[PDB]
Structures are given as C-alpha cells and as structure tokens.
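A.B. asks: no sequence for this one, just the structure:
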C-alpha cells in the first residue's frame, strides 16, 4: 500500500496539438432564429409552411 | 292652374296584400360571423383556408 498524501496527486496531462473543433449536430450558442407568433387558432401547423 | 294649398296634397296610397319579403343577396342585420384574429405574418391568406 502506498499512502496517498496531499502532495501525491498530480494534475491530469492534457494532450498537445491543434485546437479542437465543434462536432455537434446543430449550432449551440451561435444559433440564430427567425421567429413568428402563432395565436390560439393554429393548433398544429405543417412545419414546411411555418418555415 | 289649380292652386296648391296646405290642404291639397294627400298621402300616398300604399298597396294592400301579404307582407313583403326579403330579397337581398346576403343577410343584413341577421348575419352571424365566425371570426379569427390575424397578426402580420398572414398577409395574403387563401380565402379557403381562412374559412
């Protein structure tokens, strides 16, 4: 058993290289939306005409 | 020339018979509406889908 002291743990060594790139399926914080208002008398509109 | 005094004119004689009936092409004072609101994105809606 080797004892685990307050000086034993070391930081994780992150790899080197060129910076990572986005891989999500859609934009997260850079997304821009075009918005419209749909009053009560709409129910469920076909996604194509909403676009 | 026969003079026209304040006792000469007589009221028009309206005809007799059963009471007259409506002949307008749409209801005037008995009409009822089914209404929907529209903001600004419904600009030129097809009259069939509005109905």
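C.D. replies: That came in fine, so what should we check first? Numbering: from 1, shown residues only, chains lettered A, B, ... in the order given.
A.B. asks: CA only for contacts and neighbour counts going forward, please
C.D. replies: Will do.
A.B. asks: Compute the distance between the residue nearest the centre of chain A and residue B:39, please.
C.D. replies: Taking CA atoms, centre = their mean, the centroid of chain A lies closest to residue A:28, which sits 5.2 Å from it. Distance from residue A:28 to residue B:39, counting by CA to CA, to the nearest Å: 30 Å.
A.B. asks: Same check on residue A:44?
C.D. replies: Look at residue A:44 and residue B:39: by CA to CA, they are 17 Å apart.
A.B. asks: Look at residue A:35 and say how many residues are nearby.
C.D. replies: 8 (other CA atoms under 10 Å in any protein chain shown).
A.B. asks: List phi and psi for it.
C.D. replies: With angles defined as degrees, to the nearest 10, residue A:35 sits at phi -110, psi 150.
A.B. asks: What separation do you get for it and chain B?
C.D. replies: For residue A:35, the distance to chain B equals 10 Å [CA to the nearest CA, to the nearest Å].
A.B. asks: Ok, residue A:20 next?
C.D. replies: Separation of residue A:20 from chain B (CA to the nearest CA): 42 Å.
A.B. asks: Please name the nearest non-neighbouring residue to residue A:36.
C.D. replies: With CA to CA, 6 or more residues apart in numbering or on different chains as the criterion, residue A:36 has its nearest non-adjacent residue at 7.3 Å, and that residue is residue B:41.
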